[PDB]
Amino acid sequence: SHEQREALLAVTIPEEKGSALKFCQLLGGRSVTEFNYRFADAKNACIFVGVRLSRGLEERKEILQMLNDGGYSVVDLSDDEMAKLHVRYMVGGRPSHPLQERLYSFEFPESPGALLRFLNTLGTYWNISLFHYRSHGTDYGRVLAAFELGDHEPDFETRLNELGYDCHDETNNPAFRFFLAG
């Protein structure tokens, strides 16, 4: 038998500004229900992606084909018991070189294409260095994301709240500092 309710994918995307947005553009108007990443390698980022399905294995195959035809390396984890039980809860670590990060929590209304619309709303001026999101089937999705400071303080807590997305600065969070910062 095969998992029918969701596609679980290990995707490599470029470790550069705007790469998450470009990848989600290809996913398009789908219900992307998980997206987990933390800066590790400076060239290739590793993302754990979950997509809710309505047409089961065939739809999983269509997504895999689309991503390959788009030039992405993807490993299908949909039938992988350790991915389903453990590894989707283990995307983290400290970065391979020291980062100067700002951490924020956000909420976005859930519907097909919502993660894509949220990533576009953030924009690509700052590099995303951490992302954690899992849908709970609720009306709003809850995201944790960090951004590299670069040359200007990220503006998310002003701009995103002006645009109808809840946003809070979490940079001094003790759990982030203990397990993830570096």
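Throughout, we count residues from 1 along the sequence that is shown.
Student: Can you tell me which stretch has the higher mean Cα B-factor, 46 to 54 or 150 to 158?
Tutor: According to the PDB entry, the answer is 150 to 158.
Student: Given the B-factors recorded for C-alpha atoms, which segment has the greater mean, 76 to 84 or 97 to 105?
Tutor: That would be 97 to 105.
Student: Considering only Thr12, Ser19, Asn172, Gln25, which residue's Cα atom bears the greatest B-factor as recorded?
Tutor: Highest C-alpha B-factor among the listed options: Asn172.
Student: Considering only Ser129, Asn68, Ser135, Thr124, which residue's Cα atom bears the greatest B-factor as recorded?
Tutor: In this record, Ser135 carries the highest C-alpha B-factor of the candidates.
Student: Ranked by Cα temperature factor within the chain, is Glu59 in the lowest third, the middle third or the highest third?
Tutor: Bottom third by C-alpha B-factor.
Student: Ordered by C-alpha B-factor within the chain, which third holds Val32? Give me lowest, middle or highest, please.
Tutor: Middle third, going by the recorded CA B-factors of the chain.
Student: Lowest, middle or highest third: where is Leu8 by C-alpha B factor in its chain?
Tutor: CA B-factor rank for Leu8: lowest third.
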